[PDB]
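Taking the form solved without this ligand, here's one chain by itself in structure tokens.
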């Protein structure tokens, strides 16, 4: 069968915790007062919730309310509480019972965000580095706390560009990392799914989030949205192989004794690894540097164990120009 894998960092953090930290099923929710909150505008509806801008009439402060559409409820709540106060982690302000849905409504701090499709059109080289560094602070904090986000994508990064403030949001797919545990591969959005998900390898870890961050970075520095543009989850892997090459894909699956779905026989082909300079052109060149390409190259690796960790990523020369 498949060869097991473990994270190379923060491997055993949950094993040393009291059960209460990670045993979210046993969590007892602490409920606030739903009348403290007035819904103002519906902002969106996702697979699992409706999201509203609201006002906390006790301090007149703007908040965001997510009214949850079974075990995910306490998992998200517990993860949010565990991570609260960490660098660039969205703050859960309250939890109330919505009287109409009769489900939990998570109340979050408000961030004045700018839409990424319009915002990534305007980031300078310096701002890409600056905001990537801020995302890494959140991801390293999460991993150090035994948590993988599993849905890193531009829609889950809220940026107040006026105040140069960033928050990583939507922890509803997040999980606790337990060495040797097999996880659902049906996580993350198509264009951000790591190869481990696409080849059905369940024993993944924090490094999944570093692949997603690399896919985001590639789209930003190359001005290509998305960078790996698959029509479905199978074609998604083929689009990756057309850049990273098939020999390294086979080496990856061979290392973990993984067998590709046989439907790849007729669609995968044989592809050389490309040099990243291939994607550079007159319109994106100002965002590219040798440091950016090297950094990208060390995130976008098939083998999840070989990617930079968030903490190693923060050490990379790409961030030397960023004021700290």
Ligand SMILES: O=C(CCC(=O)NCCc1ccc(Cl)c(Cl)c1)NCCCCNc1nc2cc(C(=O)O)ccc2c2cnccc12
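Residue numbers count along the first chain shown, from 1.
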_I'd like the number of residues from the deposited sequence that lie between residue 69 and residue 70 yet are not in the model, binned as none, 1 to 3, 4 to 9, or 10 or more._
1 to 3
*Of 271-279 and 25-33, the stretch whose C-alpha atoms average the higher B-factor in the entry*: 25-33
*Would you tell me which stretch averages the higher CA B-factor in the PDB entry, 210-218 or 164-172?*
164-172
*Per the PDB entry, maximal CA B factor within 111, 143, 243, 80*: 111
*Kindly indicate the residue among 257, 284, 289, 59 with the greatest C-alpha B-factor in the PDB record.*
59
_Can you tell me whether residue 102 has a C-alpha B-factor in the lowest, middle or highest third compared with the other modelled residues of the same chain?_
highest
*Assigned third (lowest, middle, highest) for the C-alpha B factor of residue 250*: middle
*Third of the chain's Cα B-factor distribution that residue 2 belongs to, per the entry*: highest
*Relative to the other modelled residues in the chain, which third contains the C-alpha temperature factor of residue 15: lowest, middle or highest?*
highest
*asked:* By the recorded C-alpha temperature factor, relative to the other modelled residues in its chain, which third is residue 115 in?
replied: highest
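What follows is about the form deposited with this ligand bound, which we do not show.
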_252, 176, 131, 201 - the one with a heavy atom within 4.5 Å of this ligand in the deposited complex_ = 131
*asked:* Give me the residue from 258, 287, 64, 296 that has a heavy atom within 4.5 Å of this ligand in the deposited complex.
replied: 64
*Are all three of 108, 111 and 216 close to this ligand in the deposited complex, meaning a heavy atom of each within 4.5 Å?*
yes
*Should residue 158 be counted as a contact of this ligand in the deposited complex, where contact means heavy atoms within 4.5 Å?*
yes
*Is residue 280 a contact residue for this ligand in the deposited complex, using a 4.5 Å heavy atom cut-off?*
no
*So in the deposited complex, does any heavy atom of residue 127 sit within 4.5 Å of this ligand?*
yes
*Can you check whether residue 140 is within 4.5 Å of this ligand in the deposited complex, heavy atom basis?*
no
